[PDB]
2 protein chains.
Amino acid sequence: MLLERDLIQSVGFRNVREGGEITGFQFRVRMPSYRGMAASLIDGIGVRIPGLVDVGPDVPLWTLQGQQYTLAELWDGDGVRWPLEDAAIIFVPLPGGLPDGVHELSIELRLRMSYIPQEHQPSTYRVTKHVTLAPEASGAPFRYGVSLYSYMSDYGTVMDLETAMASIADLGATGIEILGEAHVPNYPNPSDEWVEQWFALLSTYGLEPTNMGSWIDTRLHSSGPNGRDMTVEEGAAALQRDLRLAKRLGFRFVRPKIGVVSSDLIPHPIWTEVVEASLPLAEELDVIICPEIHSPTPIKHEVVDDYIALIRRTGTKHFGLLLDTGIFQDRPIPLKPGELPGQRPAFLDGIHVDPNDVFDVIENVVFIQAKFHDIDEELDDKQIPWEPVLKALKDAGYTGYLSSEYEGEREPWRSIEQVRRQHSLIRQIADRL
Amino acid sequence: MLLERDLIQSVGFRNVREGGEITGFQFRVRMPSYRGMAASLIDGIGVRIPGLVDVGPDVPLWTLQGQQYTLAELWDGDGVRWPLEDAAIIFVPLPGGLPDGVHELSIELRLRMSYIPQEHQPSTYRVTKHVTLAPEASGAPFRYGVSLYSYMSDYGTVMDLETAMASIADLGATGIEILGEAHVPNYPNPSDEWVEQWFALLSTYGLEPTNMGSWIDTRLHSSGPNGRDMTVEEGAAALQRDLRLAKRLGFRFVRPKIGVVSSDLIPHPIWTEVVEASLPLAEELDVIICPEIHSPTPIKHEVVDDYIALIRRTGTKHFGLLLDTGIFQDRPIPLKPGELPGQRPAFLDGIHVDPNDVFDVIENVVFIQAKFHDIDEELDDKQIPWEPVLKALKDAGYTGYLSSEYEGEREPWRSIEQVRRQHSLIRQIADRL
Ligand SMILES: [Mn+2]
Ligand SMILES: [Mn+2]
């Protein structure tokens, strides 16, 4: 598993329970040095959160290689190491723990390097990070998941599958959503080694697969001298291939993204006979087909009414709706540096769907992608009004998943902290209701 | 293997030879989208290097999943994909290839997304990167290696062992140097699975292990009420444990870093009987012990003369010297933001050893760590005068390794491009001589 560049890691910042009592909190620290060293060279860590915690360097306890020690036990110990590949787990005693939210955590880590003269010793590392506590809030009635699209540029550059899965299980989320054409290696035929390893990681971290994203590329052969349009048989075979891979990996929903033929995102005309050809296969494998309702398409739209008309005409239980919460955005996404207003499309200011419009279509919504762009250190969302949205979902009777979809700036490791802030914000709102 | 955040990757930017003729150059591109797609959705890549290359979007060739195609073959193809985990290899036809150095490479990649309206299509990605060509210069008589210390904060956060080894083999380097207490997992007892995997990767990328860095922490039990000093038997067992692990992994040199007892970096007094106790084990395993000569210690020093006196007294062939080229630094390392002059030590301005002082000790130098901090796009080093240094090494008869040690700013992925610039600079100087 990979770590972050910040010494204080976001994953693992939790409260610690011993016998039903919260006895303190913990967090994980990356080794700042270029090597891992023996644990007796540790000279302590001082932990400070302003207003809540201020402990000295000898107060916290160290979990190194699966065993917890005090600092005096580390000084007399032998054989215990802080490896470079491992993050040290620092337990700070605080009866009752920390409250939910983002905390300004400041550490003062001391290490003894023997090759440095004694006057410049110990080596001191002072970092400050705004870290989000793993949510103590039990956000019933919703279930909580994370889409791997939230780590868009992070996956494959700073993150692999196990590091992403470890971060999802640390939030307390139980679902994981992938894009199948991005996160399944050797698509569409993963090896039997990978599929058995994929099922091992789901039982390790306690995650269940929920949604697999799919595409039906209608402009697959549009370019060239022999440029043509995708037919129904080539289009139905694309969706049927994705339903079999989602059944093979344990997923429950498939979201097909059909190509468009106009500026209003009107779907390609083959979609209604591609989907109806694959509804026999979906009912056999028990996977629900759910196309996405995302901005600039509001709920009161002709495209959305075509999805509801397809369910009543066919009478199927394996077609549903996926709701993207970017349609509820009321404040504009900020301007990228280098552009003036006018050349970006006008739906990036938010289309402002009133959240009471979910009452019309909630009996066909099977899955919700919690789309967001920016949450600051006060747990204030900058684009989505989460409190009237979650109030309308709760009163309409939604009890399914809310998968995080981070859409913000793809700064490296920024998406890890942002998804933590969203689960902390949503679970705190759902307890306030 | 992991990739970099930049679309243009530094690793793989080479010249391409077909039948002994350089027919063009290649480079690798990360997929900018959030998914991998079928290769017929590619609408071309336009490649421009100012003054040398300017080709259209349909001119380069694409190597996807182990097979090379033209753009017209991609448009009619079926089943070929650009996976998200793979970087596409772009062959640009240019008879004769590019010269050595850093090139301002500008691409204009076009991809067709079917879910986007036709007026905003194709999706265009324009990035510019200063990338270093893999060196065409054959820098004889030296051999070339990379130390994994060059990727100090990158290893474990953005990089693993195979990604680091793939980048070393792309330079044309043949040696790899590790720090054993940092890069061997479960130190000092790696699993038999890891050791067999470590030997598989060395034969895959054609690397031989050269140097393993070691520490003898004399302040291991200095803190606490029972604080004591490290004895000879505890110190000799530390060095003997590291010689056995370096013999197990195939390394030829061990560099022990002993702790100091004064401001002049005078070594701990146990060092001369720790080393002489381990010289029987070194001659049996055929590993050379080589302590490091690094700044602020010059070559004309009392510490260095003690190493030469130990070789003549014992008469051993398994003790040698390691030369760190930070002692030849003549221009100052720039000030970190936030400090004024005076609180940093005065050897960070460079101690300015004249490079003709290697003629005194070259018969005991077995290994050289090519230390550097900054090389810009004109292949100009900012701290080390590489041309008189390499001229003195060549005339003294050195024919061993020059392992890269990057010491600069630990910006993420910065160390990959910096080590490429150093091998390009050194091999070009060694051909100018
Ligand atoms: Mn979405
Ligand atoms: Mn060095």
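Residues numbered from 1 in each chain as written, not as in the entry; some residues may be left out. Chains lettered and ligands numbered in written order. Heavy atoms only, no water.

As documented in the archive entry, the model was determined using cryo-EM at 2.3 Å resolution.

S.K.: Explain the overall build of chain A to me, please; I cannot follow it from the model alone.
M.R.: Scanning chain A from terminus to terminus reveals nine helices and 20 strands. Computed over the C-alpha atoms, the radius of gyration of chain A is 25 Å, within 12% of the 22 Å expected from 2.2 N^0.38 for a compact globule of 433 residues. With respect to the three principal axes, the spread of C-alpha positions in chain A is 75 × 50 × 45 Å. By sequence separation, contacts in chain A at least 24 residues apart represent 77% of the contacts at least 6 residues apart. Carbon and sulfur atoms make up 49% of the accessible area of chain A, which amounts to about 17,000 Å² in all. (Helix = DSSP H or I, 4+ residues; strand = E, 2+ residues; numbered from the N terminus. Rg over C-alpha atoms; globule rule 2.2 N^0.38 Å. Contact = heavy atoms within 4.5 Å. Areas by Shrake-Rupley, 256 points an atom, 1.4 Å probe, with all protein chains shown as cover.)

S.K.: For this particular structure, what's the right way to read the interface of chain A and chain B?
M.R.: As a measure of interface size, the accessible area lost when the parts come together is often cited. Each side of the interface is counted separately: chain A has 66 residues, and chain B has 66 residues. A combined buried area of about 5,300 Å² lies between chain A and chain B, and 51% of that area is made up of carbon and sulfur atoms. Area buried by chain A at its contact with chain B is led by A:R5, A:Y34 and A:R219, which between them contribute 15% of it. Our enumeration of links across chain A and chain B arrives at six salt bridges. At the surface where chain A touches chain B, the tally comes to 42 residue pairs in polar contact. Where the side of chain A that touches chain B is concerned, the elements lending two or more residues are β3 (37-38), α1 (71-76), α3 (180-183) and β15 (253-258) of chain A. (Buried area = accessible area lost by both parts, 1.4 Å probe. Salt bridge = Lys/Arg side-chain N within 4 Å of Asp/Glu carboxyl O. Polar contact = N/O pair within 3.5 Å; in protein donor to acceptor, adjacent residues only side chain to side chain.)

S.K.: Explanation requested: the packing of helix α2 (residues 161-170) of chain B against helix α4 (residues 192-205) of chain B in the structure shown.
M.R.: Between two packed helices, the angle of one axis relative to the other and the distance separating the axes together describe the packing. Residue and element names in this part refer to chain B. Taken N-terminus to C-terminus, the directions of α2 and α4 make an angle of 20 degrees; their axes are 10 Å apart at the nearest point. Between α2 and α4, the angle is such that the two are roughly parallel. α2 and α4 meet at a crossing whose hand is right-handed. In this structure, α2 contributes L161, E162, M165, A166 and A169 to the contact, and α4 contributes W194, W198, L201, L202 and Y205. When its residues are assigned to classes, the contact of α2 with α4 shows nine nonpolar, no polar and one charged. (Axes fitted to C-alpha atoms, helices over the stretch in contact; angles between N-to-C directions. Parallel < 35°, antiparallel > 145°, perpendicular 65-115°, else oblique. Left-handed = near helix turned anticlockwise from the far one by under 90°. Nonpolar A, V, L, I, M, F, W, Y, C, P; charged D, E, K, R; others polar.)

S.K.: Is there a simple way to explain the nonpolar core in this structure?
M.R.: It is characteristic of soluble globular proteins that their nonpolar side chains tend to be buried jointly. Formed by 264 residues in total, the largest nonpolar core has its most connected members in A:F27, A:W62, B:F27 and B:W62. Not counting chain neighbours up to four residues away, the residues in contact with A:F27 comprise A:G12, A:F13, A:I45, A:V47, A:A88, A:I89, A:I90, A:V92, A:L105 and A:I107. (Core = buried A, V, L, I, M, F, W, Y, C linked by side-chain atoms within 4.5 Å. Buried < 20%, exposed > 50% of the residue type's maximum accessible area, 1.4 Å probe, protein only.)

S.K.: Whenever I open this one, the packing of aromatic side chains confuses me. Can you help?
M.R.: Here a ring pair, both rings aromatic, is described through the centre-centre distance and the interplanar angle of the planes. Tallied over the full model, the rule gives 25 aromatic pairs over all chains. On the numbers, 5.7 Å between centres and 20 degrees between planes, the contact of B:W198 with B:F251 is stacked. Here the residue B:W198 occupies a position in helix α4, and B:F251 occupies one in the loop between α5 (232-249) and β15 (253-258), the gap between them amounting to 53 residues. The class of B:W198 is buried, set by a relative accessible area of 1%. Taken together through their ring pairs, the aromatic side chains of A:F13, A:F25 and A:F27 make up a single cluster. The positively charged end of A:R427 is found above the aromatic ring belonging to A:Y144, 4.5 Å away from the centroid. Over the ring of A:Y115 we find B:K257; its NZ or CZ atom is 4.8 Å from the centre of that ring. (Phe/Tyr/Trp six-rings, centres within 6.5 Å; stacked < 30°, edge-to-face > 60°. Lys NZ or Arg CZ within 6 Å of the ring centre and 35° of its normal.)

S.K.: How should I be thinking about the side chain of B:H221 in this particular structure?
M.R.: Mapping B:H221 onto the fold places it in the loop between β14 (208-216) and α5. Relative accessible area serves as the criterion here: at 9%, B:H221 is assigned to the buried category. Beyond its immediate chain neighbours, meaning those up to four positions away, B:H221 contacts A:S40, A:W75, A:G77, A:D78, A:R112, B:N226, B:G227 and B:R228.

S.K.: Any chance you could explain helix α8 (residues 386-395) of chain A here in plain terms?
M.R.: The periodicity of an α-helix, 3.6 residues per turn, causes residues three or four positions apart to be oriented the same way. Residue and element names in this part refer to chain A. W386, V389, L390, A392 and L393 are the residues of α8 that are buried. On an axial view of α8, the arc spanned by its buried residues comes to 160 degrees, and they lie on one face. As for α8, its buried residues are in contact with β19 (365-372), β20 (401-406) and α9 (414-432). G397 sits one or two residues past α8 and shows a positive phi near 95 degrees. (Arc of directions from axis to C-beta.)

S.K.: Help me out: how do you make sense of the sheet that holds strand β12 (residues 143-147) of chain A in this one?
M.R.: Note on sheets: strands pair through backbone hydrogen bonds, and any given pair is parallel or antiparallel. Residues and elements named next belong to chain A. Read from one edge to the other, the open sheet built from nine strands follows the order β16-β15-β14-β13-β12-β20-β19-β18-β17, with strand pairing classed as parallel. Where the open sheet ends on each side, the last strands, each with one partner, are β16 (288-289) and β17 (292-293). Direction of pairing for strand β13 (residues 175-179) relative to strand β14 (residues 208-216): parallel, over a ladder of four bridges. Directly across from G175, in β14, lies its bridge partner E208. Strands in contact with α9 are β12, β19 and β20; relative to β20, the strand with the most contacts, it is inclined by about 145 degrees. (Pairing = 2+ DSSP bridges.)

S.K.: Hey, could you run me through the coordination of the manganese ion (ligand 1) in this one?
M.R.: Tetrahedral coordination by four donors places them ideally at 109.5 degrees to one another around the metal; octahedral coordination by six donors ideally gives 90 or 180 degrees. All names here are of chain A. Those donors, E292 (OE), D324 (OD), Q369 (OE1) and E405 (OE), are the protein atoms that reach the manganese ion (ligand 1), and they lie 2.0 to 2.6 Å from it. In primary-sequence terms, the residues that donate to the manganese ion (ligand 1) follow E-x31-D-x44-Q-x35-E. Placement of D324 in strand β18 (residues 321-324) and of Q369 in strand β19 is noted, with a sequence separation of 45 residues between them. Assessed through its relative accessible area of 0%, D324 is described here as buried. (Donors = N, O, S within 2.8 Å, 3.2 Å for Na, K, Ca; no water.)

S.K.: So what exactly am I meant to see when it comes to the domain arrangement of chain A here?
M.R.: Residues and elements named next belong to chain A. Along its sequence, chain A is organised into domain 1 (14-132) and domain 2 (143-432). On a C-alpha basis, the centroid separation for the pair domain 1 and domain 2 is 39 Å. The interface is formed by eight residues belonging to domain 1 together with nine residues belonging to domain 2. Summed over both sides, the interface between domain 1 and domain 2 buries roughly 690 Å², with carbon and sulfur atoms accounting for 46% of that surface. Summed over the three residues of domain 1 that lose the most area to domain 2, namely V102, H130 and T132, the buried surface amounts to 62% of that side. Where domain 1 meets domain 2, there are one salt bridge. The partner of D170 in a salt bridge is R14, and the shortest N-O contact between them spans 3.6 Å. Inspection of the domain 1/domain 2 interface yields two residue pairs in polar contact. Residue composition of the side of domain 1 that touches domain 2, by class: two nonpolar, three polar and three charged. (Domains from an automatic or database assignment.)

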